[PDB]
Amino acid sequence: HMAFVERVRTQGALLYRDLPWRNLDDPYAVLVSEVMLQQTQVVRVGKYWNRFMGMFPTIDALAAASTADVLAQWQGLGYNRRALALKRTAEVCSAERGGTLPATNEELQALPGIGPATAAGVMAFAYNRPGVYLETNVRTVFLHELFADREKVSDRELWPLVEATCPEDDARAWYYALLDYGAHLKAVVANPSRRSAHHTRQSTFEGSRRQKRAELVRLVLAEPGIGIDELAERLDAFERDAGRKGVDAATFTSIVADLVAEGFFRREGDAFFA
């Protein structure tokens, strides 16, 4: 058999993936890839990252862009709050940080859309600085290798082992190896993350509130100035064309109130504008 760090390093060399956002120095380009990767497959991110970088090449450029343009670029990646939080982070850094991202984990975690994993990822991948980077692939490796016989294991139990095994001067290459080995394990054995205490599944997407959330934002993006009642008519048309029934008035008004509060579009009179 093989000790843990040697299994990871050798597997990482065997499995290395030459992804476009790897081995970059620009923390902003790395941040965009990491936000895009949250709960989203590498192959999808590959279809968006280069295009997004071309349209918004810097923190300052993303800050200056219209929110509608950023949302348009995001459509299809899902979990669209990420687009707003990423743009907000750019706006904060443009106005307060001279157009640059911070270079400590704590300061990165203070920014919208950047939790512990994205913060550690930016520090490791952009700055080659060590930290605890625990996402689905790393979780899978540690569950498979160090918790082989355990039915359910919390991230609390994994955290000290991820911390202890991160090399001081090689974090970027180490976490690429964990990412690549984890994705491999997810293909060749029963997904080890099923033994995570936090393993869950979402509600049915068809007919769901979040399906309507995403449609409503697309309808407003497509039609600046759309009236509030017209928006309801168009949502109902989409639902019926998809085979579902009309949306009840309470649900329509509640979802729209949520989307305005979150910043996807604004109300001007009775009309909506992204």
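Counting begins at 1, following the sequence as shown.
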For 197 to 205 versus 137 to 145, entry-based mean Cα B-factors point to 197 to 205
Higher of the two mean Cα B-factors (179 to 187, 97 to 105; per PDB record) comes from 97 to 105
Per the deposited B-factor column, the C-alpha that peaks among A29, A249, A214, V70 belongs to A249
Quick tally, chain-level thirds of C-alpha B-factors: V220 sits in the middle
Sorting the chain's modelled residues by C-alpha B-factor and splitting them into thirds places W49 in the lowest
Binned into thirds over the chain's modelled residues, the C-alpha B-factor of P130 lands in the middle
On the chain's distribution of Cα B-factors, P192 falls within the third called middle
Of the three thirds of the chain ranked by Cα temperature factor, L37 occupies the lowest
